[PDB]
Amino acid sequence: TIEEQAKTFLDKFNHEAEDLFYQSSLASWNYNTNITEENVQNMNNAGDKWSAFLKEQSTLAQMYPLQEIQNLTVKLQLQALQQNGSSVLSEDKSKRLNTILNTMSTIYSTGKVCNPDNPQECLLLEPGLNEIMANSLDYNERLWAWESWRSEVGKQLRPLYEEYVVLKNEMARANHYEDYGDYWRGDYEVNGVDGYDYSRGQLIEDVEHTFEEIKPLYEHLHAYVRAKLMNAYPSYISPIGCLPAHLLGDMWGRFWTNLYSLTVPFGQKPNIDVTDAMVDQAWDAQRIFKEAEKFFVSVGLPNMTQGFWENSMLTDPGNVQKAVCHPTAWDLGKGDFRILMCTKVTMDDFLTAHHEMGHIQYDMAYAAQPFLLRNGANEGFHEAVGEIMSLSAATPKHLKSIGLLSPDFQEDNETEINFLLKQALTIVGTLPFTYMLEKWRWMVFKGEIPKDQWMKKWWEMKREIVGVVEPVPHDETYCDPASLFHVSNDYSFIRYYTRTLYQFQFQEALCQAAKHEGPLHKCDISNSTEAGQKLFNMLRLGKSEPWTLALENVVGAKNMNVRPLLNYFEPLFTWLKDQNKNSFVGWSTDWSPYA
């Protein structure tokens, strides 16, 4: 039989990959933990080897056509190896694309912009331009950073992105995909499981339909923030118009986290930031992550491996070796789990420990599975697991139980609202940003937006869906999208919208399993084994089951739900409407500060 002829190919595959994959994930770790011209080369060699293996492997797995397979697990594994890349394009084309990809990710990383009126020492996005966008209250300066980044990095990236859009589509169509867009939407595509199938288009619709129910809550926050922004930036905000893009707490307005200073409901109540308490308890990065360890043990998951503590880097290495410090978890296989994090005794970092040590628990649970089915159920399942961790490590009950918050300071309705806004500014703020951004690309790939009207339908859309207006007019020399990481780093972005729904869609269930009594915003599940089990029963599967069924194992649904998210922030949606009573709720795309 071919089913068994195949079963034989996967077992030989599993054996040789696990070796070559470990060998490559180690070199990537080695490099990020010690940037050296040497570590680079190794990384490159290790990767060049893995790529060639997967190339041959895919070619071989085409020779086991799916219609003869009856078994599910084997077809998933075969679909994986069969689909994906396939270097369907010529060597000539399949190399330029790499160049474009690298060069695009190169200019962004090496991006340096100087003062258009005072250029002596140009500044880099991190940490200068970002520091200005996070901290400045000076309209003129925030505007200098914003435009400059898009006036230079985005323009030089414009010519490249167009080529990228072309070849990427060729590969997708040659990979049996309408456009490179339809491809990225395949991650959610479920075929073969009856009652749990999912199309590459059902997502766009769900995305849209799920995003409607959200419009009630986002407008009311848009209003509130609009109002507080007029207070801060005095002559620059129309009481009915969109919000200048450069006034949003970061460079793209991706998040509105850094506007709390300017939007707090009650500046009187002391902020939760327990960073000081930690500095007072003199917690060390080891304590922070070990404190994280105790959390999962309480819910019924295991301790970290020792090799985790032996191998992981939880502190800035030093000036002896340069190390990329993006908080990151790693799975190399052969039992090897590690985290790479330059921890800084802070409440954020503290919370980030719990996210990164959520992937490790996820990465572990599903290490019983075969190579190809050692992955999260979809591109959004991993992030959601990490977030639900933070959502309970911040519950004051947790902070008080932990001892970072004295048993005093009982929560008052004022403190709760401060929390739900702090939260909404970040979690809610990004869904429209995210939806808009992707949808722009979805269309760009669909060929629906000509280049001559790229940047037109860009802002046209930021004003319609997001409520954000360009502080300055941009022509077709500009590639503002490209001036965000995920764009010039060729990364599917919708994962953030889906994970946000799943995280609430998940917590409610585990909290219900934890038999939590009050609002979900104060559910610690810091000693709920029952809930740790329910999780482990989705975690342990990896990509073995389709995500629809995985979702059901825990929630009671086969498609993302918004109404759990709406219940979370609902005590702020009611207080937001009351505040926005005498205010205008909604925006006018026509308004422009530059008109």
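Between two forms, the rigid core is defined as the largest C-alpha subset superposing within 1.5 Å. Residues carry their position along the shown sequence, with the first being 1.
*Out of 287 to 295 and 105 to 113, which shows the greater rigid core-aligned C-alpha deviation in 5 other deposited structures of this protein?*
Between 287 to 295 and 105 to 113, the one lying farther away in 5 other deposited structures of this protein is 287 to 295.
_Can you check whether 405 to 413 or 446 to 454 lies farther from the displayed model in 5 other deposited structures of this protein, averaging C-alpha distances as RMS after superposing on the core?_
Looking at 405 to 413 and 446 to 454 in 5 other deposited structures of this protein, the bigger mover is 405 to 413.
*Should the higher mean CA B-factor in the entry be assigned to 287 to 295 or to 213 to 221?*
According to the PDB entry, the answer is 287 to 295.
*asked:* Tell me which stretch, 420 to 428 or 444 to 452, has the higher mean Cα B-factor listed in the entry.
replied: According to the PDB entry, the answer is 444 to 452.
_Checking the record values for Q41, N30, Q57, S51, which has the greatest CA B factor?_
The listed residue with the largest C-alpha B-factor is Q41.
*Among the candidates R254, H176, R142, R499, give the one with the maximum CA B-factor reported in the record.*
Answer for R254, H176, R142, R499: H176, with the highest C-alpha B-factor.
*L66: which third of its chain by C-alpha temperature factor?*
Highest third, going by the recorded CA B-factors of the chain.
*By the record's CA B-factor, is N567 among the lowest, middle or highest third of residues in the chain?*
Bottom third by C-alpha B-factor.
*Comparing against every modelled residue in the chain, figure out the third that the C-alpha B-factor of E517 lands in (lowest, middle or highest).*
It belongs to the highest third of the chain when residues are ordered by C-alpha B-factor.
*Should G318 be placed in the lowest, middle or highest third of its chain by the C-alpha B factor in the entry?*
Top third by C-alpha B-factor.
*asked:* Test of reading the entry: by CA B factor among the chain's modelled residues, which third contains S235?
replied: Middle third of the chain for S235's C-alpha B-factor.
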